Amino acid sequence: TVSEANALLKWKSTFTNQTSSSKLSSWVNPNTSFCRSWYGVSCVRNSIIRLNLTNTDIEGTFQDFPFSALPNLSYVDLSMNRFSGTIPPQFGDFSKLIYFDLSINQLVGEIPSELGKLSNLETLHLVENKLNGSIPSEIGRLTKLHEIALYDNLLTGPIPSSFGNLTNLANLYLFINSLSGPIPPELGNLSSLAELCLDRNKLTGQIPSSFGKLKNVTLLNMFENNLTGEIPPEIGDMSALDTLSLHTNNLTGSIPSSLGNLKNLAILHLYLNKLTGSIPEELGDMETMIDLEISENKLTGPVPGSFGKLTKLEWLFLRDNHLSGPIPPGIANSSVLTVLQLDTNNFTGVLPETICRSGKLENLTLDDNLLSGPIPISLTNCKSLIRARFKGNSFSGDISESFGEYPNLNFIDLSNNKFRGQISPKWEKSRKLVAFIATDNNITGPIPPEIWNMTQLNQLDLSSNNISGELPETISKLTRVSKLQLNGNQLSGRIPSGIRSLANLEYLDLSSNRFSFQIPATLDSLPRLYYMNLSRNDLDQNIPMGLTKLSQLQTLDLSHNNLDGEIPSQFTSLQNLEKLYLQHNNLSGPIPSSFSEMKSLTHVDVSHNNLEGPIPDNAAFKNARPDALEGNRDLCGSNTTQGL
């Protein structure tokens, strides 16, 4: 004891980078205050049995730890410190040790197999170190072990099959390591096991079919491994299971119908695997299921209509599969379903009438299916909608009567469908909407002026419709729009000068329209604009000087127009320009003396113009093909179609 206090003082004297504030300053007067005043020290019969120095800013190693001088230690917590070096084998000499914690340190090297001498150990904690090598098989001798936590280390090798001998183990935490080989089937003998977390390892092989004997496991986490084979049906015998995560593995075969026998399963994560076959009908009998994610697999066939029995279903992720047939009404019948992911599948038919029947659905994705028909009325009135994605389908109907008011809408994608009718001003009620994408529809009429009052809009895409009318100057009110795509419509009149005010604009496409008259002279106030496509319009007259004040331009296409006059010299201010397309115009006059001053241009086209004179000295001009440069009145100093 006095010898115990001296031994710990000698060890303390080896600590480096210590201050006077250290709580170990109380290690004084070894002869008379060891069991009463020393921080972290506690004794029985005047002999230390408990050393709890967690989070005491100790920097040092265990090389000179007084193993022999503290024979009666039973609780060692040295965690949350700056200990380095290895775990000496002499730690196995503490025959009375019950609790052993060296976690959250900078320990390196392997776990000494001498820990298997610690026959009284009930808790082993070595997490968040850099321990490498294999887990010693002799740890399987510690049959009083209740919990092993070795996670967040650099451990390799297989899980020892002796671990099946730990008949009292309740928690096994080995995640965030590099454990390999097959999971030993002897783990199925751990009848007291409650939590088995082997995730984020490099485990291979099959999930052992003996896991069906783990009747007390509530948490099985094995995700982010390299497991192969099939999910054994015996997994359905783990009746206590609450969370089952096998995602990001290389599992194959079908989902076993026995999973429907897991009456306590709330979370099931099987995503990012190679599962095939149909979803068994019995999956609907998981009455507790809250969060079902089997997305990113190769599942085929229809979704079972029994899914209407999952009355606690909140999240359903079936995206990126080969699911087919019509969507059954039960898939969306839960009153608490808030997320329904079905995109990237082969669903056909029309949306069921149950979609938002409880007014609580928030995210709905249907992208890249073969769905058709009208929007169900419960979806029209789904005021809780936040994200809705319909891209790449054949949905039909009047876009004005198909979608109600969506006060919580944030993102909606109607692209690549057959929606008809006119854009209603109801969208302005979506005061939180940041993106509205409706490309490739049969949308007609004008853009309602209320759209320009959606200052929160970041991205507006109405391209490839049959929208008509002239754009008002109130377009300037879209303060925060960065991607504006109105191309491929029948919009007419002059381009509004108010686009000047869209300071956040980065990508602007007004091409393939009926915009007439001169490009606005004032359009010089877009410092973030790197793309502007005005091609295939009825614009005419000189290219304005205002365009040349958009320094951040990288692509600029004014082709297929009726612009005339000379190309300005002032383009030199567009030093960040790379692609410049000016073909199919009536541009005339000589080439500017500059365009040597630019070094970023890589692509150009000036064909089918009345330009004359010599080509300048830049790569795109040297690298131009015949199509790039033909059609002009007097091309080059030496009448050349190609180099020099």
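For every residue, the number given is its place in the sequence shown, counted from 1.
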| property | result |
| --- | --- |
| Greater mean Cα temperature factor according to the PDB record, 564-572 or 484-492 | 564-572 |
| Of 352-360 and 295-303, the stretch whose C-alpha atoms average the higher B-factor in the entry | 352-360 |
| C-alpha B-factor winner, where the candidates are 152, 282, 237, 405 | 405 |
| Residue, from 69, 43, 51, 606, that the PDB entry assigns the highest Cα B-factor | 606 |
| Residue 163 CA temperature factor, ranked by third within the chain | lowest |
| Chain-relative CA temperature factor third for residue 114 | middle |
| Lowest, middle or highest third - CA B-factor, residue 414 | middle |
| Chain-relative CA temperature factor third for residue 195 | lowest |
| Record-listed C-alpha B factor of residue 271: chain third | lowest |
